C-alpha cells in the first residue's frame, strides 16, 4: 500500500541468510539495516527521539535539533528534520568518513566538526554548550530512553516474529549508544532467554571489557565512556573484534554474498563466524548489519582498490 511520509518506511528490515560464509554445520542470518530510508539503523533512533520529543511538547516546527554523532545518527536526524520541518546541527569528529559530512549536508543539516581524538565525550560537551547557548533541543542519544525503547518495539519485534517457532542460539551486535543491544537484549531476555546475547567491542577500544579506549576505525562503535542507556545485565558474552578483521569480513560479505555493509557490519559477522566455527551442529546465529557500505568508499574499507580499467587483467 501507499505510504504518506517517507518516514513511514523506517524499520521492518529484512533478515537474510548467508549462503556460503557460514560454517556448513551452522546458519548465520543478518539483519540488513541499510534498507532503512536513511541507509542505517540510526533511522529508528532519529524518528523515536523526535516523536517522543514532540509528544513531550519539547519540539515545535522550526526548532533546531543538535546532536553529537559518529555520523549515522546525524544523517538520520537530518533526514527526519527535513521531512518534519525542523533544523538540525550535527557535532561530529573530524575523522569520520566524508560521506557522512556530505549526507548530513544533503538533508540540509548544519555541521560542527571537532578533533576526533577527543571522542564522543568531547563532542557531547560541545553539543551541550551549543544547546545551552542557543536553546537548541538535545537528542542525547546516549541517555535518551526513547532510543532503546524503539528498538524494544520494532527491532526486537522483527527479530522475534521472524524466528518464531524457529531455532536461534546467538544474537550478535556491537554498540555505540548501546540502544540496539539494550532494547533487543531486554526483549530477548523475556521471550527467548536461551538466546545468547553477544556484545562485541573493537579490540583497540574495549571499554566495558578492559576499561580501555583509543580512536579506532570501526565507525559507529565504542564511545569513550559508558552510555547511560546501557543495561549491562543483558550481555551474556562480551567479546572483541579487531578493525582489520571487520574490514576484511565486510569485503567478503560484498564479494561472496552480494551484501554491501559497513565496518561495524563486518565486525558483527566476523564475531558470529568465530562463534559458529566452534559451535555445535544446528547452531543458528543472527548478526546486525548497521548500515550500507556506501558511506565508506573513502575509508580503509577501500584501501588498495583499483579505480582504473583492468587492462592488466584483460592482458591475460
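Residue numbers count along the first chain shown, from 1.
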- Query: So 53 to 61 or 257 to 265, which one's hotter by mean CA B-factor in the entry?
  - Reply: 53 to 61
- Message: Mean CA temperature factor from the deposited coordinates, higher in 12 to 20 or in 304 to 312?
- Response: 304 to 312
- Reading the B-factor column of the entry, which of 70, 27, 40, 48 has the highest value at its C-alpha atom? 27
- Task: Name the residue from 116, 220, 85, 228 with the greatest C-alpha temperature factor listed in the entry.
- Result: 85
- Note on the structure: Sorting the chain's modelled residues by C-alpha B-factor and splitting them into thirds places residue 172 in the lowest
- Query: What third of the chain, by the recorded C-alpha B-factor, contains residue 74?
  - Reply: lowest
- Task: Classify residue 179 as lowest, middle or highest third according to the C-alpha B-factor given in the PDB entry, relative to its own chain.
- Result: lowest
- Query: Ranked by Cα temperature factor within the chain, is residue 36 in the lowest third, the middle third or the highest third?
  - Reply: lowest
- Query: residue 163's Cα B-factor: lowest, middle or highest third of the chain?
  - Reply: middle
